[PDB]
């Protein structure tokens, strides 16, 4: 990923807010030199992505994790809101399209996590916390978790580098920008909100 200056994160906390808000991530590694990816829920331990630790799990029948000893460099991609920008919105002739989006790329070394039960219980709490009501596992469900454990492989990524893209049209002048934002406000309110947050000076 390459990040033009206009699409850099405005504030250092924005990468971590995106990661926490979008836990269904893409875990990418090199299996015999070719890329392989698994969609998995991944949570963040720590205040910042860079230097932080990611915790995830996948199916033990998914052979992807068997590579995590011989090829330990991994990339985890977290994806926020996104949307196509049609030249129709600009209302200018000569124009060209683009796609607006925010994403965080965390690269580091992967390792298997012995305490798989901890990883999945922490994932439950993190993903249920924004919901009302939140689901809290009963004793019967924690016992069920224990019965399920042979089928899971948990893992940790110690994040060495992070890269964040907030490609949200901030290069546009106000008239073309207003038109982009108004088009997303109707059909993609999450993206419009991200655009609003990208313009903040402090909060």
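Positions refer to the first chain, counted from 1.
- Taking the mean C-alpha B-factor of each stretch as recorded, 93-101 and 113-121 are not equal, and the higher mean is that of 113-121.
- Higher mean CA B-factor, judged across 189-197 and 6-14 from the recorded values: 6-14.
- As recorded in the entry, 48 carries the highest CA temperature factor of 165, 48, 36, 61.
- When the CA B factors of the chain's modelled residues are split into thirds, the value for residue 42 lands in the lowest one.
- The deposited CA B-factor of residue 151 belongs to the middle third of values across its chain.
- In the PDB entry, a CA B factor belonging to the middle third of its chain's modelled residues is recorded for residue 75.
- Ranked by Cα temperature factor within the chain, residue 175 sits in the middle third according to the deposited record.
- In this PDB entry, the Cα temperature factor of residue 27 sits in the bottom third of its chain's modelled residues, the lowest group.
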